[PDB]
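This document opens with one chain alone, in structure tokens, the form deposited in one PDB entry.
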């Protein structure tokens, strides 16, 4: 009974807010103050990078194209790290600026390159905020420096992390590079968790300011399963990576993600009346991913009901005709629309 139906206690997290979600199912495994609005500091860069990734996915420009450093990037010497006006730097180098402590000039140069001005780019950032359904996020700048007013939340930063991975995977593969060239200089990635040999961490963005505290969006995998954590307003230097490691590790220990049905696969067969054939093939039009307590796969039950006494032609491909019900311990934990996998026209 009890160890099986157990609800795991959540580790203490020495931070102001956090959330732990599964990349595939979207399930929230743990959260604290996940919708509280806070300054994300350099985490803002995740959205900048999302837009750039969309631009590249749309084929507007590529990693080899040369970019011109404007009086723009400069305006925001003794140092080799800074892009000087008039130099030409490949996109490949600039976008990897996301992995740096600064590299704020690179954000500006890329923003002008992709959308003409910093303010129009920000306009695109806020547009995507809206397209992703984010309720507690708004940006003022492309790098988050001088934006006393910029805000996001543990939940929204996690969701932006999820979007990068999902929508712009080529932009995302950049985050795990431990070392890369930036402005002719060999630089190390700021995400120390990439070097942790206990977990397989491959993203995403860490940041710290005195005002916003330590901030980190991370993502890790274990075989076929991927988790995303967001910990904001982390209080100590010592916990800057350890708090998230603990959270991710906990997630993998107590939860597992299953893929009970993929699109196109016949979940069930059903008789159809009045059609050019007499059997309908039923499934889903979106892959099914469920996150359940680890070790309960075998207890997962799947069934379905039909939205009407029985099926009549005509049926359209992907026509919703019922509901798939998944349960654990008699309880229904997830429902999904049952769809017709192939059209059955009237006889």
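Just so we're on the same page, rigid core means the largest C-alpha set that superposes within 1.5 Å between forms. Positions refer to the first chain, counted from 1.
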property: Unmodelled stretch of the deposited sequence separating residue 259 from residue 260, binned as none, 1 to 3, 4 to 9 or 10 or more; result: none
property: Which of 31 to 39 and 62 to 70 has higher mean CA B factor, as the PDB entry lists it; result: 62 to 70
property: Higher-scoring stretch by recorded Cα B factor average, 307 to 315 or 47 to 55; result: 307 to 315
property: Residue with highest C-alpha B-factor in the PDB entry, from 191, 215, 152, 76; result: 76
property: Selection from 107, 164, 129, 199 [criterion: highest C-alpha temperature factor in the record]; result: 199
property: For residue 81, the third of its chain into which the C-alpha B factor falls; result: highest
property: B-factor third for the C-alpha atom of residue 320 within its chain; result: middle
property: Residue 22 CA temperature factor, ranked by third within the chain; result: lowest
property: Among modelled residues of the same chain, the CA temperature factor third for residue 297; result: highest
property: Record-listed C-alpha B factor of residue 243: chain third; result: lowest
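We do not show the form deposited in another entry, though everything after this point is about it.
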{"item": "Conformational change between this form and the one not shown, one of 153, 257, 99, 141, C-alpha moving 2 Å or more after core fit", "value": "99"}
{"item": "Core-aligned CA displacement of residue 191 at least 2 Å between this form and the one not shown", "value": "no"}
{"item": "Displaced residue check between this form and the one not shown: residue 82, CA, 2 Å or over, core reference", "value": "no"}
{"item": "Core superposition between this form and the one not shown, C-alpha change of residue 128 at least 2 Å", "value": "no"}
{"item": "Cα-Cα shift for residue 183 and residue 94, closer or farther in the other form, minimum 3 Å", "value": "farther"}
{"item": "Shift in CA distance, residue 101 and residue 94, in the other form relative to the form shown here, given it is 3 Å or more", "value": "closer"}
